[PDB]
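Let's start with one chain on its own, the form deposited in one PDB entry, as structure tokens.
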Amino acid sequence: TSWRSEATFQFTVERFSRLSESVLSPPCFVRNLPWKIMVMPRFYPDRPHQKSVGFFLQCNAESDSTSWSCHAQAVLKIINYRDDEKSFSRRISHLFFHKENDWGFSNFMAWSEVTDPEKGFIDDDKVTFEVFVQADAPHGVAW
């Protein structure tokens, strides 16, 4: 159901090594709003050797409405395919709204580590991301 308070969904990015810009999952509905996983390579000019995986949760970004807001908790996880006990996750808490409709980690993990076959996150050039999102009832959506 769309109005559920929480959900866990995964997003697998294929040909991960070739990613150059943000890739987005299809929407997953929680608390009557659409949520997406956004993944992108990131780097900063002062640390050109430290390219990272950027990993964000995005809420209701297809809307340009300035009225909506939704506070959510989430666990942002990259799945270790070799050992499910070696997956890596980091927690967030954020009021989502138009000006800040995503939240997560620009420097989630080093790109060189996620793409290292020996580390267990990448297989057949595929990396799987997962979000467990626990959202509050939104405001500014229903009349």
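Position 1 is the first residue in the sequence shown; the rest follow in order. Residues that one form lacks are left out of the comparison. By rigid core we mean the largest C-alpha set that fits within 1.5 Å across both forms.
Compared against other deposited entries of this protein, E100 counts as consistently modelled, with coordinates in all of those that resolve the residues around it and thus below the third mark.
Across the other compared structures of the same protein with both neighbouring residues present, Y44 lacks coordinates in at least a third. 125 to 133 and 18 to 26 differ in mean CA B-factor, and the higher of the two is recorded for 18 to 26.
Once the C-alpha B-factors are averaged per stretch, 80 to 88 and 52 to 60 rank with 80 to 88 first.
Reading the B-factor column for the CA atoms of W68, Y44, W35, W111 in the entry, the top value corresponds to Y44.
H94: CA B factor in the lowest third of modelled residues in this chain (values from the PDB entry).
Only in words, not in the display: the form deposited in another entry, which the text now covers.
In the core-superposed comparison between the shown form and the other one, the C-alpha atom of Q50 has shifted by at least 2 angstroms.
Pairwise change in the other form: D116 and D46 C-alpha atoms lie closer than in the shown form, at least 3 Å. Here's the thing about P138 and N32: their CA atoms end up at least 3 Å farther apart in the other form than they are in this form. Remark: 44 to 50, 138 to 143 are the runs between the shown form and the other one in which three or more consecutive shared residues have Cα displacements of 2 Å or more on core superposition.
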